[PDB]
Amino acid sequence: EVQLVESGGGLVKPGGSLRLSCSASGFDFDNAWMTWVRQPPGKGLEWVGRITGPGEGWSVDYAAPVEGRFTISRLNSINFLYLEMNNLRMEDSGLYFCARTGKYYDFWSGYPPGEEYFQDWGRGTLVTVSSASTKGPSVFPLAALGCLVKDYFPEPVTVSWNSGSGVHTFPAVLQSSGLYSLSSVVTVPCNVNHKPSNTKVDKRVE
Amino acid sequence: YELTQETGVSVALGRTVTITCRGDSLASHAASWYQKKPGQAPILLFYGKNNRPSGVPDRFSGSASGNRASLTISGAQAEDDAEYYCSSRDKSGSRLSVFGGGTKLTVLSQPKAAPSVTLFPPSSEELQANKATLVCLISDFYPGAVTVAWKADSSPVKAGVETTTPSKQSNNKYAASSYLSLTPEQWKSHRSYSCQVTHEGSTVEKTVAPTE
Amino acid sequence: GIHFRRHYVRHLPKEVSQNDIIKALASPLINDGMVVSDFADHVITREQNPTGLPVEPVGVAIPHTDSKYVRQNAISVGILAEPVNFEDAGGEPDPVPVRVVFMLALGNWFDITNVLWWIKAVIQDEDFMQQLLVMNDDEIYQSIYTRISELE
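Those sequence lines, one after another, are chains H, L and E. Read left to right, the first sequence gives residues 1 to 52, 52A to 52C, 53 to 82, 82A to 82C, 83 to 100, 100A to 100L, 101 to 125, 137 to 157, 161 to 185, 196 to 212 (PDB author numbering). Read left to right, the second sequence gives residues 1, 3 to 9, 11 to 95, 95A to 95C, 96 to 211 (PDB author numbering). Read left to right, the third sequence gives residues 11 to 59, 61 to 163 (PDB author numbering).
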């Protein structure tokens, strides 16, 4: 019955700014602590920062790679949590989750300030920080026949065969150039669509 | 990392498995534990001394001693295949939190399956530009863990390799793709190129040569 | 900040029950504007769903409630003439015979944890605890005030 709906994620340039939002529902938000957590693509969860409640004066703590660039705020009247991100860097890319945050302290074994735990999570909103300019793909045949969809930006691309079986499209690779590539191979006894660049291509595999 | 977790652990269906979190801050602060599956929101498994959120199965239990926190899963079920994260303070007395690096739990859910490796040479439409790409496609392996090593003739190549992490197919098996970038000079100036795919100790190799 | 005033310390007579203790300790907090007007009732129901601490030689309880019921950080102390039973905070069957009651009206989580840590050290100081059972209200106020001062 808790929902935490993050939004605001998108493509932003290095050095740019981006604001994320989280709409919370199903719990008493005014007294809840709230945390942002991120997951870089292929990596683990990384704690970003947390905003406390009224009894703490809404104070905020931040992780080291983010302090001085990010600001966490909240507006209790509308149950929103915000994350303001400035001077973004490539390594800030990834999925950003809001988390309802509980507080734990065992009397006999505890040490101040106890421990925070993350009792409800949103699905996250995806942030991509990149210098890359929108680029349509170059499609090359793989004469099991294939198709190579190379050096495009950004995601996604869709590949179908004969404008509509037994086809396996592989997930994209993110190259050091900042561009993506992927492949689609079908086994026998292509229609690549890049909407961000309005590029359509019908490469026949002779 | 302030909190150290094993990278990956395996467990047969119905067996018990323990994964651990280690760090100096755990001598002063309890850990909490989280499960995360691909594409889904994390969930809290338990926290504090002996606390388990309602709805979390009884088989997830946690202990702690010294600088160590442990998550124990009794009779592991198929759906327990996931990433597990611990969290605590980054140091004793700190207002910040931190996550461990995460443990990939593999629940042996089907018999081992060797991978299919197809290797396409660079196309002449691509060569007629000024670039060349080898495409190594890996299909239908289990468990989801493979290693790709490229060879020029008999010598290894690390430059220009881009490989995706394993992905689950529509048949509960895994797939991966690897790409090698070459200038068309170093394509034709070698006898052959190979894509060596290693999976659970066994190796399947494919080879291409600049001669259609 | 933690408000601790001279009238936040009092001795209580031998004929008071658990609920009279809470209400007596809460009334100065109520009258100074430190907690909501029904703060006592919320302590009672939170305690029933327990803050008794079995320590030698003097049993202690730490009644409190959700921080959302606190307007300004304060502490109210009660010294019982005769021991009164509080249910163990750990969940043990035997009731804790209590003579010292620390009512906590803390709204700030970092202060809550610091104060609970200070209380843990204090109630293991047997000389301090014995002193609490014989000093007058002003002496108790001065002793605890000094210790709350050193905490912050």
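Note that the Cβ used here is the ideal one computed from N, Cα and C, for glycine as well.
Can you pull the chain L residues whose beta carbon is under 8 Å from the beta carbon of residue i, in chain order?
{"i": "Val182 (chain H)", "result": "Within chain L, no residue comes near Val182 (chain H); the closest Cβ sits about 11 Å away, beyond 8 Å."}
{"i": "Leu20 (chain H)", "result": "The contacting residues do not exist; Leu20 (chain H) stays about 16 Å from chain L at best."}
{"i": "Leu124 (chain H)", "result": "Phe119, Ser122, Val134"}
{"i": "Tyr100K (chain H)", "result": "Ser34, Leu46, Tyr49, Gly50, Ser89"}
Residue i versus chain L: which residues are under 9 Å apart at the beta carbon?
{"i": "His200 (chain H)", "result": "In chain order: nothing, as chain L lies at least about 18 Å away."}
{"i": "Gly42 (chain H)", "result": "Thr164"}
{"i": "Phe91 (chain H)", "result": "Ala43, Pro44"}
Name the chain H residues that come within less than 8 Å of residue i, Cβ to Cβ?
{"i": "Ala100 (chain E)", "result": "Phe100A"}
{"i": "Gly100 (chain L)", "result": "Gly44"}
Can you list the residues of chain E that residue i reaches, using a CB-CB cut of under 7 Å?
{"i": "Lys97 (chain H)", "result": "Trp120"}
{"i": "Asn31 (chain H)", "result": "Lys79"}
{"i": "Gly100H (chain H)", "result": "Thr124"}
{"i": "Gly49 (chain H)", "result": "Neighbours of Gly49 (chain H) on chain E: none; closest Cβ ~16 Å, over 7 Å."}
{"i": "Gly8 (chain H)", "result": "None at all; the shortest Cβ gap to chain E is about 28 Å."}
{"i": "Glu53 (chain H)", "result": "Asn119, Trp120, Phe121"}
Assuming residue i and residue j are in contact, meaning their beta carbons sit under 8 Å apart, how far apart are those beta carbons, in whole angstroms?
{"i": "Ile69 (chain H)", "j": "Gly49 (chain H)", "result": "5 Å"}
{"i": "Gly88 (chain H)", "j": "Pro41 (chain H)", "result": "6 Å"}
{"i": "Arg56 (chain E)", "j": "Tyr152 (chain E)", "result": "The Cβ separation is near 26 Å, so there is no contact."}
{"i": "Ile73 (chain E)", "j": "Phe113 (chain E)", "result": "5 Å"}
{"i": "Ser179 (chain H)", "j": "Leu141 (chain H)", "result": "5 Å"}
{"i": "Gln37 (chain L)", "j": "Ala71 (chain L)", "result": "About 15 Å; that fails the 8 Å criterion."}
{"i": "residue 278 (chain L)", "j": "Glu125 (chain L)", "result": "No statement about residue 278 (chain L) is possible, as the shown extent of chain L runs from 1 to 211 and does not include it."}
{"i": "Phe49 (chain E)", "j": "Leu39 (chain E)", "result": "6 Å"}
{"i": "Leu133 (chain L)", "j": "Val11 (chain L)", "result": "Actually they are not in contact, since the Cβ atoms of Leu133 (chain L) and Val11 (chain L) sit about 34 Å apart, beyond 8 Å."}
{"i": "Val106 (chain L)", "j": "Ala144 (chain L)", "result": "14 Å between Cβ atoms; not a contact."}
{"i": "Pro65 (chain E)", "j": "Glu137 (chain E)", "result": "14 Å between Cβ atoms; not a contact."}
{"i": "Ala92 (chain E)", "j": "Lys33 (chain E)", "result": "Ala92 (chain E) to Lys33 (chain E), Cβ: 17 Å. No contact."}
{"i": "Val150 (chain H)", "j": "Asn199 (chain H)", "result": "7 Å"}
{"i": "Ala174 (chain L)", "j": "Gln168 (chain L)", "result": "5 Å"}
Chain E partners of residue i, CB-CB under 9 Å?
{"i": "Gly26 (chain H)", "result": "Correct list: empty, because the minimum Cβ distance to chain E is about 18 Å."}
{"i": "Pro167 (chain H)", "result": "What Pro167 (chain H) touches in chain E: nothing, since even the nearest Cβ is about 43 Å away."}
{"i": "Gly100D (chain H)", "result": "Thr124, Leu127, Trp128, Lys131"}
For residue i, is the classification buried or exposed, using 16 other Cβ atoms within 10 angstroms of its Cβ as the cut-off for buried?
{"i": "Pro44 (chain L)", "result": "buried"}
{"i": "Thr202 (chain L)", "result": "exposed"}
{"i": "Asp105 (chain E)", "result": "exposed"}
{"i": "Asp30 (chain E)", "result": "exposed"}
{"i": "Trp100B (chain H)", "result": "exposed"}
{"i": "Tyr87 (chain L)", "result": "buried"}
{"i": "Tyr178 (chain L)", "result": "buried"}
{"i": "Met34 (chain H)", "result": "buried"}
{"i": "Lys143 (chain H)", "result": "buried"}
{"i": "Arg19 (chain H)", "result": "exposed"}
{"i": "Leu72 (chain H)", "result": "exposed"}
{"i": "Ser89 (chain L)", "result": "buried"}
{"i": "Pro62 (chain H)", "result": "exposed"}
{"i": "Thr95 (chain H)", "result": "buried"}
{"i": "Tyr80 (chain E)", "result": "buried"}
{"i": "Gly52C (chain H)", "result": "buried"}
{"i": "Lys157 (chain L)", "result": "exposed"}
{"i": "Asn204 (chain H)", "result": "exposed"}
{"i": "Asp82 (chain L)", "result": "buried"}
{"i": "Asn171 (chain L)", "result": "exposed"}
{"i": "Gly54 (chain H)", "result": "exposed"}
{"i": "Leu15 (chain L)", "result": "exposed"}
{"i": "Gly162 (chain H)", "result": "exposed"}
{"i": "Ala80 (chain L)", "result": "exposed"}
Residue i versus chain L: which residues are under 7 Å apart at the beta carbon?
{"i": "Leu141 (chain H)", "result": "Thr132, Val134"}
{"i": "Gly174 (chain H)", "result": "Per Cβ cutoff of 7 Å: no residues; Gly174 (chain H) is ~12 Å from chain L at best."}
{"i": "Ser177 (chain H)", "result": "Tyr178"}
{"i": "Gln171 (chain H)", "result": "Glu161"}
{"i": "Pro185 (chain H)", "result": "Result: empty, since nearest Cβ-Cβ is about 16 Å, beyond 7 Å."}
Mind listing the chain H neighbours of residue i? Cutoff is C-beta to C-beta under 9 Å, in chain order.
{"i": "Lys93 (chain L)", "result": "By Cβ distance, chain H contributes nothing, its closest Cβ being about 11 Å from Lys93 (chain L), past 9 Å."}
{"i": "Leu95C (chain L)", "result": "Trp47, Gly49, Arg50, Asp58, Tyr59, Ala60, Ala61"}
{"i": "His189 (chain L)", "result": "Chain H residues near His189 (chain L): none, gap ~20 Å exceeds 9 Å."}
Closer than 7 Å by beta-carbon distance: list the chain H residues that pair up with residue i, in chain order.
{"i": "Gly200 (chain L)", "result": "Near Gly200 (chain L) there are no residues of chain H at all, since even the closest Cβ is about 24 Å away, more than 7 Å."}
{"i": "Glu125 (chain L)", "result": "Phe122"}
{"i": "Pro55 (chain L)", "result": "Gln101"}
{"i": "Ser138 (chain L)", "result": "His164"}
Fill in: Short-range partners of chain H found in the stretch 120-137 of chain E, where Cβ spacing is below 8 Å
Contacts with chain H (Cβ-Cβ distance below 8 Å) from the stretch 120-137 of chain E involve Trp120, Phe121, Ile123, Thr124, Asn125, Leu127, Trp128, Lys131, listed in chain order.
Practice prompt. Output, in sequence order along the chain, the residues in the stretch 101-119 of chain H whose CB is closer than 9 Å to any CB in chain L.
Written response: Of all residues in the stretch 101-119 of chain H, only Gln101, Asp102, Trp103, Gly104, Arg105, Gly106 come within less than 9 Å of chain L when Cβ atoms are compared, listed by chain position.
Worksheet item: the stretch 65-95 of chain E: which residues have C-beta closer than 9 Å to a C-beta of chain H, in chain order?
Response: Close to chain H, meaning a Cβ-Cβ distance shorter than 9 Å, are the following residues of the stretch 65-95 of chain E: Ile73, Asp77, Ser78, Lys79, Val81, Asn84.
Worksheet item: Unbroken alpha helix (DSSP H) runs of length 4 or more, entirely within the stretch 123-182 of chain L: which are they?
Response: As far as the stretch 123-182 of chain L is concerned, its whole alpha helix (DSSP H) runs of at least 4 residues are 123-126.
Item to complete: Report the residue ranges of all alpha helix (DSSP H) runs contained in full by the stretch 79-152 of chain E; include only those spanning at least 4 residues, in chain order.
Response: If one requires a minimum length of 4 residues, the alpha helix (DSSP H) runs lying completely within the stretch 79-152 of chain E are 120-133, 137-143, in chain order.
Discussion item. Taking beta-carbon pairs under 9 Å, can you tell me which members of the stretch 59-77 of chain H lie near chain L?
Written reply: Within the stretch 59-77 of chain H, the residues whose Cβ lies closer than 9 Å to some Cβ of chain L are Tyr59, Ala60, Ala61, listed in chain order.
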